């Protein structure tokens, strides 16, 4: 989408995976979807260094709406859980230096059953803009036809444009096309800043594996589509929650960097380990994800329960990720000729190699003919950065 936005993948926080559609503020007040949750989350985004690291968008997902539109046919926030309204929330979020994301649905209802946007595309776009919304995630439930789906996504893109407000447009269009026909990603890219391709992540290594395997299986179809202004969205970061081991968290962070994924954390910033916070705030890995060239990486090799992925970076640099998919035993040795990496460009005539994950350590100069040897933990990833050089 050519709106000047998302020139690097968008970074922020989105409530869905960790908080879902919890409406019971009486018995579960700390996890119900409420304006207080987002206000406190904004405070922590500032005070715990998230904003500084690049996480700028504080995003509301489904279940913020009142059950029905107001007298003027406009959407309203739930009166009990959002009594002060979205415009006041956005004012608060902006006063913290952050940006506010909201959610809506292309069809007659949101996936959780709340008012849908079909018939109100321009009204809803203008409403969000008046409120100060800076990002829209547009879901695909309750759409009567493929034609409705595509028309609605295009219409909402145009209607947001007409407001004159800069609004990141996050689409689930390709995901909801798969029951019927395969997506045309040139069109989607025309209308969307990023798009969900695959099933929702949950708090499990099984889910990470499913997402990565779908992505690498489909990579000839999606990798080259991505670039500044339009990204593939493999769904939220779930680091900091409950179901991933440390090595599985490292794998998610590394591979979302490789994939030029939007980085939307879905966790509870009020209750997050120092290890998870340091990984999510890792400056060198975020710099890979945010590389200005904006070319998505890919799976280079797979075999013997190993994977090698790589991503071309600005200035003849490359990121390389090695995944050990064997889920038994200990760290496994993996060796590769550096000439096989980065299309034989990364280390011609030499490269300086820095390991970034699981721990940061300089590995040194590797000439074009040399071999790189690593050990990778089960379900873990070694992430390396290669800097092309003439020196040594």
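Numbering follows the first chain given and starts at 1. So that the term is clear: the rigid core is the largest set of C-alpha atoms that superpose within 1.5 Å between two forms.
Stretch comparison, 175 to 183 versus 146 to 154: after rigid core superposition, larger RMS CA deviation in 7 other deposited structures of this protein is found for 175 to 183. Of the two stretches examined, 137 to 145 and 247 to 255, the one with higher mean CA deviation in 7 other deposited structures of this protein after a rigid core fit is 137 to 145. Stretch comparison (322 to 330 versus 35 to 43) by mean CA B-factor in the PDB entry places 35 to 43 on top. Two stretches are in play, 259 to 267 and 109 to 117, and the higher mean C-alpha B-factor belongs to 109 to 117. Between the residues 87, 277, 137, 283, the entry's highest C-alpha temperature factor is the one at 87. Highest CA B-factor among 221, 311, 194, 182, as stated in the entry: 182. Ranked by Cα temperature factor within the chain, residue 357 sits in the lowest third according to the deposited record. Ranked against the other modelled residues of its chain, the C-alpha B-factor of residue 21 as given in the entry falls in the middle third. The PDB entry assigns residue 208 a C-alpha temperature factor belonging to the lowest third of its chain's modelled residues. Annotation for residue 214: C-alpha temperature factor in the lowest third relative to the rest of the modelled chain, per the entry. Among all modelled residues in this chain, the alpha-carbon of residue 293 has a temperature factor (C-alpha) in the middle third.
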